[PDB]
Amino acid sequence: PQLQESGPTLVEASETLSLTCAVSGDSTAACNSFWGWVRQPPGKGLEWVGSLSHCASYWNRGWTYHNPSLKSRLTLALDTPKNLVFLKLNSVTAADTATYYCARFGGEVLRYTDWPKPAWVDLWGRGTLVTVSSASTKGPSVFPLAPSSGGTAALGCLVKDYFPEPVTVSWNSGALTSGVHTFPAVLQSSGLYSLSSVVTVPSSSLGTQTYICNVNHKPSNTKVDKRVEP
Amino acid sequence: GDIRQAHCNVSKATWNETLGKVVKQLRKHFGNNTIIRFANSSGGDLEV
Amino acid sequence: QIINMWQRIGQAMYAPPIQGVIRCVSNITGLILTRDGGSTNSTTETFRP
Amino acid sequence: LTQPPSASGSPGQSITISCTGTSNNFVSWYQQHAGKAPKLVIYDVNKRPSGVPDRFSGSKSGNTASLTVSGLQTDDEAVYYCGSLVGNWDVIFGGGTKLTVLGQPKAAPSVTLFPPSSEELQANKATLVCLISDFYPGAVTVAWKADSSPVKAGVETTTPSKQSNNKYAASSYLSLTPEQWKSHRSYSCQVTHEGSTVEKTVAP
Ligand SMILES: *[C@@H]1O[C@H](CO)[C@@H](O[C@@H]2O[C@H](CO)[C@@H](O[C@@H]3O[C@H](CO[C@H]4O[C@H](CO[C@H]5O[C@H](CO)[C@@H](O)[C@H](O)[C@@H]5O[C@H]5O[C@H](CO)[C@@H](O)[C@H](O)[C@@H]5O)[C@@H](O)[C@H](O[C@H]5O[C@H](CO)[C@@H](O)[C@H](O)[C@@H]5O)[C@@H]4O)[C@@H](O)[C@H](O[C@H]4O[C@H](CO)[C@@H](O)[C@H](O)[C@@H]4O[C@H]4O[C@H](CO)[C@@H](O)[C@H](O)[C@@H]4O[C@H]4O[C@H](CO)[C@@H](O)[C@H](O)[C@@H]4O)[C@@H]3O)[C@H](O)[C@H]2NC(C)=O)[C@H](O)[C@H]1NC(C)=O
Ligand SMILES: *[C@@H]1O[C@H](CO)[C@@H](O[C@@H]2O[C@H](CO)[C@@H](O[C@@H]3O[C@H](CO[C@H]4O[C@H](CO[C@H]5O[C@H](CO)[C@@H](O)[C@H](O)[C@@H]5O)[C@@H](O)[C@H](O[C@H]5O[C@H](CO)[C@@H](O)[C@H](O)[C@@H]5O)[C@@H]4O)[C@@H](O)[C@H](O[C@H]4O[C@H](CO)[C@@H](O)[C@H](O)[C@@H]4O[C@H]4O[C@H](CO)[C@@H](O)[C@H](O)[C@@H]4O[C@H]4O[C@H](CO)[C@@H](O)[C@H](O)[C@@H]4O)[C@@H]3O)[C@H](O)[C@H]2NC(C)=O)[C@H](O)[C@H]1NC(C)=O
Ligand SMILES: *[C@@H]1O[C@H](CO)[C@@H](O[C@@H]2O[C@H](CO)[C@@H](O[C@@H]3O[C@H](CO[C@H]4O[C@H](CO)[C@@H](O)[C@H](O)[C@@H]4O)[C@@H](O)[C@H](O[C@H]4O[C@H](CO)[C@@H](O)[C@H](O)[C@@H]4O[C@H]4O[C@H](CO)[C@@H](O)[C@H](O)[C@@H]4O[C@H]4O[C@H](CO)[C@@H](O)[C@H](O)[C@@H]4O)[C@@H]3O)[C@H](O)[C@H]2NC(C)=O)[C@H](O)[C@H]1NC(C)=O
Ligand SMILES: *[C@@H]1O[C@H](CO)[C@@H](O[C@@H]2O[C@H](CO)[C@@H](O[C@@H]3O[C@H](CO)[C@@H](O)[C@H](O[C@H]4O[C@H](CO)[C@@H](O)[C@H](O)[C@@H]4O[C@H]4O[C@H](CO)[C@@H](O)[C@H](O)[C@@H]4O)[C@@H]3O)[C@H](O)[C@H]2NC(C)=O)[C@H](O)[C@H]1NC(C)=O
Ligand SMILES: *[C@@H]1O[C@H](CO)[C@@H](O[C@@H]2O[C@H](CO)[C@@H](O[C@@H]3O[C@H](CO)[C@@H](O)[C@H](O)[C@@H]3O)[C@H](O)[C@H]2NC(C)=O)[C@H](O)[C@H]1NC(C)=O
Ligand SMILES: *[C@@H]1O[C@H](CO)[C@@H](O[C@@H]2O[C@H](CO)[C@@H](O[C@@H]3O[C@H](CO)[C@@H](O)[C@H](O)[C@@H]3O)[C@H](O)[C@H]2NC(C)=O)[C@H](O)[C@H]1NC(C)=O
Ligand SMILES: *[C@@H]1O[C@H](CO)[C@@H](O[C@@H]2O[C@H](CO)[C@@H](O)[C@H](O)[C@H]2NC(C)=O)[C@H](O)[C@H]1NC(C)=O
Ligand SMILES: *[C@@H]1O[C@H](CO)[C@@H](O)[C@H](O)[C@H]1NC(C)=O
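Protein chains in written order, with our numbering: chain A, 2 to 231; chain B, 154 to 201; chain C, 8 to 56; chain D, 46 to 249.
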């Protein structure tokens, strides 16, 4: 049993996000489990999206469950012959940016009382990352970070809004190795990316000897070096 | 599906109205005024 | 599923299973009723299916 | 559902992580390795699935549900989420508990706070960055304050990542307007690690 997610990894804001899961080794017709999605925003917890099933009762043609908040903007769909799962999100914002997983829901699905009760996802997919942005490829804004402890202080270079990854920041073009550090990127509410760096140097070195970081960005064609002074 | 026993539905308003019209017809024989009580099957085969 | 109606002996019919949920709507057009023998005829009367 | 932010243990020891808010028995726990997809390690409370070691056991007492991992090992280092059915058909997930089976030794975090720059203020933007590093376990919550009262707006915190020295590190980004930056003198950044907190403050 394998779940393969497919669709656009990059969508613009306010548009319609569509994703499709392709199941292999199992039938969507099977009444043993529900089929839906679970999205996990970057560096955040798991949020339930929704699931449905055509296996109905006497008063309905099926069952469809939506997450109360996402209800208005989403539509869930199952293709039984083609064995495919669908997800459509209307009016999407950068807040909806997440790694979307194709989820198979287990529970009291094959033998329920009243309505069916799905409670846990037994089978997951590999998942894909969909990033929602209202802008295009952008170059990073570079500002220096002026330090002031413990005989040796720390200074760094600030990397502001940019897209897409990656960015490589070296101190004096790889002159210093020991005592050099770089932090990972961060996704902004505006759909962009941001990160920074830090290096520890003696106070005695402060003077005519200054520190310059070398910023390099391939997509936006940006190589910018900036000197740091307190 | 539903874990349930088979069930039969009858609307309370519709069954009552008929009963009220029917119970009056029995009094064209059993007399103007008398008490008519209804009850389920006495006993026997399942078909009965 | 296994029934003998009309008090038939020697032949029992097995009703085959049906795929899916069965739903049906019919008209109730009449009843089969019996009157009790206990009397107290001049007091009250009870009717049963 | 409320899941404890962090949890730590040495190899061979037994860890018990809790969850609350579960009134039903539909409780289930998940294991997600960083940079991978979540995998279900337990369902229907105590019951185990296929290819899952006996050492994982579910338990629920009252409104509190609990997972227990005995005989810790390298492959157990991940984020653990709990989830359960609620109401009619809705299902929710906890914040998840990050359990780390990292090599020794435990250590207090380290905070370095950088105020906005002069060139940054020229763009009519103000951003303060808290740099937290060299801590165990790899799960830390970060808080912001202005003078006294806390700051609930403009907070961006990301999941920590392991370094070359095996110590975890994370960075929180606070973006605000220059008007509120010059008005309020000092800006405090509180970093809570295993109950104990580490604080830093900056003023222009
Ligand atoms: C013989 O006679 C018998 C009668 O004596 C007869 O029994 C009756 O059968 C019929 C059908 O045959 C029954 O009618 C159905 O009932 C279903 C269940 O209804 C119950 O639940 C709903 C939902 O309640 C939750 O949600 C609301 C809104 O959020 C809340 O207000 C509730 O508090 C509750 O919230 C909890 O759960 C949420 C979700 O988990 C949580 O988020 C939340 O935090 C809470 O935990 C109630 O609204 C119902 O209340 C009504 O009835 C009571 C009765 O006392 C009244 O007092 C009350 O005022 C209300 O009137 C009830 O409690 C219905 O779901 C079902 O309707 C669905 O199907 C029709 C099909 O056409 C759709 O048109 C309709 O829109 C509904 O679709 C939704 O739900 C289905 C699943 O049911 C989904 O597949 C569908 O996609 C859609 O889901 C969407 O909306 C959901 C919210 O509804 C949402 O959660 C999803 O995520 C999604 O977005 C239908 O009406 C009837 O109840 C029986 N009555 C009795 C007494 O048994 C029997 O059939 C007869 N026999 C024969 C042979 O005929
Ligand atoms: C009770 O429980 C049972 C289960 O025990 C439930 O039964 C299930 O019910 C669902 C819902 O109907 C069914 O899904 C439908 O599938 C059909 C196709 O079915 C055929 O193919 C299935 C898949 O076969 C593949 O997989 C299997 C397994 O891996 C594999 O072995 C096989 O080789 C193949 O590879 C078969 O499973 C299926 O077999 C079933 O039927 C047999 C008899 O035919 C029977 O012998 C079997 O035992 C088995 O029961 C069969 O061979 C889809 O076509 C259908 O999609 C239409 O219908 C649903 C509603 O039913 C609707 O929501 C859809 O939107 C869609 O309707 C559109 O398309 C129609 C044409 O395709 C068209 O006619 C419609 O008007 C409509 O078109 C309009 O709308 C669309 C947008 O919606 C628009 O684009 C159009 O332009 C147009 O405007 C269903 O998805 C299950 O198959 C069925 N069985 C099982 C085992 O799950 C049952 O629901 C429960 N409840 C009740 C009350 O009974
Ligand atoms: C007293 O009189 C009343 C009224 O006269 C009687 O009530 C009658 O009851 C009949 C059933 O016994 C019923 O016959 C049904 O007709 C329905 C309508 O047919 C018309 O519409 C269809 C399109 O839908 C046209 O194609 C067709 O040509 C007609 O014009 C049918 O829909 C019924 O079929 C379903 O019900 C019977 C049981 O009632 C099942 O055996 C049958 O298989 C069908 O059930 C499947 O389909 C429904 C959805 O339609 C699903 O919900 C269900 O789960 C089943 O789905 C599974 O099973 C099938 C295979 O069975 C499979 O293919 C599928 O994939 C799923 O696996 C039925 O044909 C009369 O219409 C009805 N009278 C009236 C006026 O409506 C009453 O019985 C009388 N009393 C007594 C004691 O006899
Ligand atoms: C045995 O079963 C039969 C069949 O199920 C039962 O007979 C049915 O009984 C139901 C209810 O008693 C009845 O349903 C209504 O029919 C109306 C037409 O006659 C419909 O207009 C009405 O639909 C509205 O209500 C629904 C539920 O509230 C909504 O889902 C639906 O969308 C409708 O709402 C609309 O209309 C309003 C204005 O009125 C509007 O504001 C809305 O925007 C929307 O447009 C009901 O569905 C069936 O008609 C009956 N069927 C038959 C053949 O008679 C019988 O009662 C059962 N017996 C027992 C004992 O259980
Ligand atoms: C059993 O049968 C009786 C009739 O013998 C049913 O009584 C009915 O009750 C409803 C109220 O539930 C009456 O409707 C009322 O109408 C008046 C006049 O328009 C109005 O003022 C009220 O506000 C209400 O709407 C109805 O008239 C009445 N039937 C008769 C013939 O008067 C009773 O409903 C049946 N059993 C059940 C299940 O209720
Ligand atoms: C028609 O309705 C009557 C009334 O409910 C049903 O009679 C009930 O029959 C059951 C037996 O199946 C009785 O249970 C008995 O209870 C007594 C007292 O506790 C006990 O001594 C027996 O051992 C047995 O448990 C039940 O009491 C009785 N109802 C009443 C009110 O006495 C009858 O079954 C119905 N007919 C059909 C065909 O359903
Ligand atoms: C149960 O009774 C109803 C009403 O008498 C029947 O429905 C009628 O069918 C005739 C057929 O010619 C129509 O002319 C009537 O208009 C229908 N009634 C209504 C109110 O529209 C129904 O057919 C009966 N049940 C069965 C199984 O036949
Ligand atoms: C029954 O009622 C009729 C009128 O409805 C009346 O003439 C007759 O006397 C009554 N019989 C009695 C009360 O025995």
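Positions of the beta carbon are idealized from the N, C-alpha and C atoms, including for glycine.
Nearest-angstrom Cβ-Cβ length linking residue i and residue j, presumed shorter than 8 Å
i, j, result
"A:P185", "D:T203", "7 Å"
"A:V131", "A:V225", "So it is not a contact: roughly 30 Å between Cβ atoms."
"D:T237", "D:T186", "5 Å"
"A:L71", "A:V50", "6 Å"
"A:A147", "A:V199", "Rounded, the Cβ-Cβ distance is 13 Å, inconsistent with contact."
"D:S231", "D:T246", "5 Å"
"A:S135", "A:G180", "That pair is no contact at about 39 Å."
"B:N169", "C:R55", "That pair is no contact at about 18 Å."
"D:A110", "D:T67", "5 Å"
C-beta contact flag for residue i and residue j at 7 Å
i, j, result
"A:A30", "A:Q5", "no"
"A:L124", "D:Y126", "no"
"A:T21", "A:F87", "yes"
"D:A184", "D:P56", "no"
"residue 1 of chain A", "A:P141", "Nothing can be reported for residue 1 of chain A, as the shown portion of chain A is limited to 2 through 231."
"D:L221", "D:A171", "yes"
"A:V133", "A:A14", "yes"
"D:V146", "D:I60", "no"
"A:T138", "A:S195", "no"
Bridge partners - residue i, DSSP secondary structure assignment
i, result
"A:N217", "A:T169 and A:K224"
"A:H67", "A:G51"
"D:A188", "D:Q235"
"A:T183", "A:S198"
"D:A215", "D:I177"
"C:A22", "According to DSSP, which records beta bridges pairwise, C:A22 is partnered with nothing at all."
"D:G107", "For D:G107, which the question treats as bridged, DSSP gives no partner whatsoever."
"D:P154", "DSSP, once it has assigned bridges, lists no residue as partnering D:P154."
"D:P182", "Answer is none; D:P182 lacks a bridge partner."
"B:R190", "C:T53"
Residue i, enclosing alpha helix (DSSP H) - first and last residue
i, result
"B:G173", "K165 to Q178"
"A:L207", "Careful: A:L207 lies outside any alpha helix (DSSP H) and carries neither H nor E."
"A:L193", "Careful: A:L193 lies outside any alpha helix (DSSP H) and carries neither H nor E."
"D:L46", "Here D:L46 belongs to no alpha helix (DSSP H), and DSSP marks it neither H nor E."
"A:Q41", "That residue, A:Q41, is in no alpha helix (DSSP H); its beta strand (DSSP E) goes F35 to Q41."
"D:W226", "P223 to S228"
"D:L166", "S163 to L166"
Endpoints, beta strand (DSSP E) assigned at residue i
i, result
"A:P119", "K118 to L124"
"D:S73", "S73 to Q77"
"A:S15", "First-last for A:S15: undefined, no H or E at that position."
"D:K143", "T142 to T145"
"C:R55", "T51 to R55"
"D:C127", "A123 to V131"
- Message: When you compare the stretch 98-117 of chain A with the stretch 34-52 of chain A, are there three or more beta-carbon pairs, one atom per stretch, that lie closer than 8 Å?
- Response: Note that the stretch 98-117 of chain A touches the stretch 34-52 of chain A; at least 3 beta-carbon pairs, one per stretch, sit closer than 8 Å.
- Query: Does the count of Cβ pairs from the stretch 20-28 of chain C and the stretch 103-117 of chain D closer than 8 Å reach three?
  - Reply: These segments do not touch.
- Would you say the stretch 148-166 of chain A touches the stretch 157-167 of chain D, given that touching needs at least three Cβ pairs under 8 Å? Contact between the stretch 148-166 of chain A and the stretch 157-167 of chain D is present, with at least three C-beta pairs closer than 8 Å.
- Message: Using 8 Å as the cut-off, can you tell me whether the stretch 86-100 of chain D makes contact with the stretch 136-144 of chain D, which would need three or more C-beta pairs spanning the two stretches below that distance?
- Response: Between the stretch 86-100 of chain D and the stretch 136-144 of chain D there are fewer than three inter-stretch CB-CB distances shorter than 8 Å, so the stretches are not counted as touching.
- Task: Mind the definition here: the stretch 207-225 of chain A touches the stretch 200-218 of chain D only if three or more C-beta pairs lie below 8 Å; say whether that holds.
- Result: Because the criterion of three Cβ pairs below 8 Å is not met, the stretch 207-225 of chain A and the stretch 200-218 of chain D do not touch.
- Message: Under 8 Å: do the stretch 63-74 of chain D and the stretch 113-124 of chain D share three or more Cβ pairs, one atom per stretch?
- Response: No: the two stretches stay apart, fewer than three of their Cβ pairs being nearer than 8 Å.
- Query: At a cut of 8 Å, does the stretch 33-51 of chain C reach the stretch 79-92 of chain D through at least three beta carbon pairs?
  - Reply: No contact exists between the stretch 33-51 of chain C and the stretch 79-92 of chain D.
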